[PDB]
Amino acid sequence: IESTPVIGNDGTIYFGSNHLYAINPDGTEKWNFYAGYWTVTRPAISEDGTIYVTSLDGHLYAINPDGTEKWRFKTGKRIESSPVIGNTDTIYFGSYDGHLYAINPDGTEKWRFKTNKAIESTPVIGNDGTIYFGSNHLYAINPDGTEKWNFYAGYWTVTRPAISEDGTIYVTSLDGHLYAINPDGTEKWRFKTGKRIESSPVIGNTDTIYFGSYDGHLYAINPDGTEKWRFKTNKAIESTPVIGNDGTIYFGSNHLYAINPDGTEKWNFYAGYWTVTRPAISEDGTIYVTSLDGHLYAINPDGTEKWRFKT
């Protein structure tokens, strides 16, 4: 499976399925990290430049900025959860054994927090260091490894949360709700769509909350829980949207869509015969996406192709 591209602070683009490629912004290959047949996730990158990915066969890899392996942490259990960093360089990821793992920067385990469901989603670190993850419900964990609270969207699984500047926590649920949750874990409001949601919410522009639906619409929800607009496409939106520095809302599905803050279409980018990943956007405004045959595309802000890369 191709991962969402990630842009390091220095502009390097990291992408790939079971190889981790590091690409310079001019489209040349910098290095190639290979860990075996297993897909690795999009990386999280620490303040000191260490690159972390999880592999499907249960490793957390720490990789140096030149692509050499620094260490590996082994669990022997499936990982679909992409790692995140917080609380002074701690690395967290979810396991199919049901634990949230916390790993120290030296590759030793800090703690593991047990749950009764596989954690398939990416954890989220709040400004106060709370670690959140969505699975059979929304879990909030303290940095010390103790439970802070749990929020239930009834019976149904929820996505990883988005957290606003004012501390509101948002998740979507499989049955089609967007939930707004207060910092203390109590429900603020809910918004119903009546169709499946697998897309996670993102916040941008004037605290607006965006998510995709299996009805094929991109939804934009005001912070009071009322609908701002919906944008129709011909295919379920299963991936999570992305907000650029100019407020454009992007999402990847059968092609790459760019939507203006007002809900109108900005442009469409097609990657030939292939569906595409979630995009990444660089500070200079270049958009990156991978097609499912493994082409990394660099796309200018106006929707024209800047370059493409496949090894």
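Don't overthink the numbering: it's just position in the shown sequence, from 1.
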item	value
Between 124-132 and 188-196 (mean CA B-factor, as deposited), the higher	188-196
Mean C-alpha B-factor comparison - 26-34 and 52-60, higher one	26-34
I119 - Cα temperature factor, lowest/middle/highest third of chain	highest
Third of the chain's Cα B-factor distribution that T68 belongs to, per the entry	highest
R42 CA temperature factor, ranked by third within the chain	lowest
Chain-wide C-alpha B factor ranking for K232, given as lowest, middle or highest third	highest
Within-chain third of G285 by Cα B-factor, per the entry	highest
